[PDB]
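Visitor: fold the following and give me the result.
(2 chains, ligands or ions: 3)
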Amino acid sequence: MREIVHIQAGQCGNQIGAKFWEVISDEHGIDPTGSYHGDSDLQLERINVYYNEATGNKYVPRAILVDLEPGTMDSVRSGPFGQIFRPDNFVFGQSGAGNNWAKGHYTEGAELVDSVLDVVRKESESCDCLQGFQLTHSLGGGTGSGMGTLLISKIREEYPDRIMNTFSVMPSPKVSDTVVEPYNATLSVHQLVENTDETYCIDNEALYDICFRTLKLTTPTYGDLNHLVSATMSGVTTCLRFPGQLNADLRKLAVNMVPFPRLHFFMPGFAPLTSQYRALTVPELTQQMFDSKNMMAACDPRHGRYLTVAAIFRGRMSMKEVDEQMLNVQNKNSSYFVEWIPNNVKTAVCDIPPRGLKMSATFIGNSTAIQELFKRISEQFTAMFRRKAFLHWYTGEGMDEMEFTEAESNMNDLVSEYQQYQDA
Amino acid sequence: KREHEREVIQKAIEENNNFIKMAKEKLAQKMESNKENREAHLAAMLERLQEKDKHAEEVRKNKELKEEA
Ligand SMILES: Nc1nc2c(ncn2[C@@H]2O[C@H](COP(=O)(O)OP(=O)(O)O)[C@@H](O)[C@H]2O)c(=O)[nH]1
Ligand SMILES: [Ca+2]
Ligand SMILES: [Mg+2]
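Guide: Numbering: from 1, shown residues only, chains lettered A, B, ... in the order given. Ligands and ions are numbered 1, 2, ... in the order given. Please find the structure below.
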């Protein structure tokens, strides 16, 4: 009974978080009313990891919904699986964050953070053995970015010995709401560097490119982008939700994936990405899984080296052929895997496939090429900060320019740290 | 970090209050200074008119002196 507490904060965190619960509830046979209607005991074997069991054999997600505006959470409550969430787990304010990290982190979110921690405490007290927490949020806004990192710092203070995991959506000018997104992202990244054990870097630039270039969607929407995130989130949590031997819990995943404490930002990948009835072979899954076009971080893996890799295959397939194909990719491209971490690629297989697919593969890579993402944010940050542009939105909330300078230096140190192990 | 969080929000409160304080004080200084200036201009105007009245009394008094002779 290794429970995980889920938190979704802000517009992006709740919209993506809602889709995630919609996807995995279908995989576990849980209907919108919380009643189980599956046909396999494998669905309920690890059901308590994400779901609480209530009176009447009801499965209530262990999810806490946080926002500084009621708008998105009202849509979630009126959505397909809206009624499955615990009503007391809806914690929301009214002022909003205005896409401002300072408002979420220092002024508006500070007023609300204690009430969120009360719900976190209530959920944790009923856990037989709490693994830790997973947070879904964006780094470009105000609530998920500012208040989300405030929650992480306070949760770590109250639960220092638990694993902190995040799905963090990186901003991009291609899919952009405000010009201040590089400011909010840079401030949030330093918080993640210190206070998370695992962060899946989901880049809206990559999601847009996959929808446009690969899926042939001329005008991608957020719903189209979130479909890729839902599939990715389901894949990366497969080892947590189903019986298995590899990366079965958050801490064991962290031990396998994080060789250095600050370098814990992962590149996720998914296959297939089909724009559909054709069967996909095991060699095809492996090639697409490692292909840059299937990466969700918009970083070129060939520009860096893999520190560690986690691979998950879902469906009824030949595990012998899976081992052969996995060894084939490593042996044919060994230059992109660091030689000082032997056998850094670990492969898991799950029998239950995702909805609508016979075969699927999920990629989790700790590559030094993720520095390209942080360099991109750093360049956009500096372009404005050198002229102190748009800073008044933040100094008006009590922040000083020195805090921005330290955040800028912290991320450049992170970039330099990645470059250290790419040449070693 | 908790100490820094307290200092940021207290800094935002202090700057907002100081802005309100400066706005209130600047306006009160302007309204008082304007009131004194306008009253001074009206006082100068009335004083000149009173001096005209004093001149008129002198003129009329001067006529009575010559009428006696
Ligand atoms: N992938 C994805 N990104 C989103 C979504 N909504 C907002 N974003 C991104 O998140 C950033 C805005 O943050 P947002 O969540 O709206 O601000 P918040 O509600 O105050 O936390 C921008 O960079 C958007 O591109 C969504 O539904 N899906
Ligand atoms: Ca208030
Ligand atoms: Mg928004």
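
Visitor: before we move on, what SS does the most centrally placed residue in chain B have?
Guide: The C-alpha lying nearest the average C-alpha coordinate of chain B belongs to residue B:36 (C-alpha atoms, centre = their mean; 1.8 Å). Following DSSP: H, G, I helix; E, B strand; the rest coil, residue B:36 is assigned to helix.

Visitor: distance check, it against chain A.
Guide: Using C-beta to the nearest C-beta, to the nearest Å, residue B:36 is found at 36 Å from chain A. C-beta: built from backbone N, CA, C; applies to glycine.

Visitor: show me what residue of chain A gets nearest to ligand 1.
Guide: residue A:141 (1.8 Å; C-beta to the nearest ligand atom).

Visitor: in this structure that residue contacts residue A:177, no?
Guide: Yes. Using C-beta atoms under 8 Å, residue A:141 is in contact with residue A:177, at 7.3 Å.

Visitor: okay, those two: which has more neighbours?
Guide: residue A:141 (32 against 13; other C-beta atoms under 10 Å in any protein chain shown).

Visitor: what about the more buried one, which SS state?
Guide: Going by three-state DSSP: residue A:141 is coil.

Visitor: who are the contact partners of it?
Guide: A:10, A:11, A:12, A:97, A:99, A:104, A:177, A:181, A:184 (C-beta atoms under 8 Å, 6 or more residues apart in numbering or on different chains).

Visitor: mind checking which of the residues you listed are in helices?
Guide: The helices, defined by DSSP state H, take in A:10, A:11, A:12, A:181, A:184 from these.

Visitor: now for the last one: which residues touch it?
Guide: Residues in contact with residue A:184 (C-beta under 8 Å, 6+ apart) are A:99, A:100, A:101, A:139, A:140, A:141, A:142, A:145, A:146, A:171.

Visitor: can we see that at 6 Å?
Guide: A:101, A:140, A:145 (C-beta atoms under 6 Å, 6 or more residues apart in numbering or on different chains).

Visitor: between the ones in helices among the contacts of residue A:141, which has the most around it?
Guide: Counting neighbours by other C-beta under 10 Å, residue A:10 comes out on top of these with 33 neighbours.

Visitor: isn't that residue right next to residue A:142, touching?
Guide: No. The criterion here is C-beta atoms under 6 Å, and residue A:10 misses it with residue A:142 at 7.3 Å.

Visitor: against residue A:141, how distant is residue A:391?
Guide: Separation of residue A:391 from residue A:141 (C-beta to C-beta, to the nearest Å): 18 Å.

Visitor: ok, residue A:162 next?
Guide: Applying C-beta to C-beta to residue A:162 and residue A:141 gives a distance of 26 Å.

Visitor: same question for residue A:400.
Guide: Taking C-beta to C-beta, one finds residue A:400 at 22 Å from residue A:141.

Visitor: now do residue A:5
Guide: Going from residue A:5 to residue A:141 by C-beta to C-beta gives 22 Å.

Visitor: which residues does residue A:130 contact?
Guide: Residues counted as contacts of residue A:130 (C-beta under 6 Å, 6+ apart) are A:3, A:124, A:162.

Visitor: any chance of CSV for those residues, columns secondary structure and neighbour count?
Guide: As requested, the contacts of residue A:130 are exported to CSV (DSSP: H, G, I helix; E, B strand; the rest coil; neighbours: other C-beta atoms under 10 Å in any protein chain shown):
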residue, secondary structure, neighbour count
A:3, strand, 19
A:124, helix, 19
A:162, coil, 20
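
Visitor: separation between the closest residue to chain B within the stretch 151-300 of chain A and residue A:107?
Guide: Using C-beta to the nearest C-beta, the closest approach of the stretch 151-300 of chain A to chain B is made by residue A:153 at 6.2 Å. Applying C-beta to C-beta, the value for residue A:153 to residue A:107 is 16 Å.
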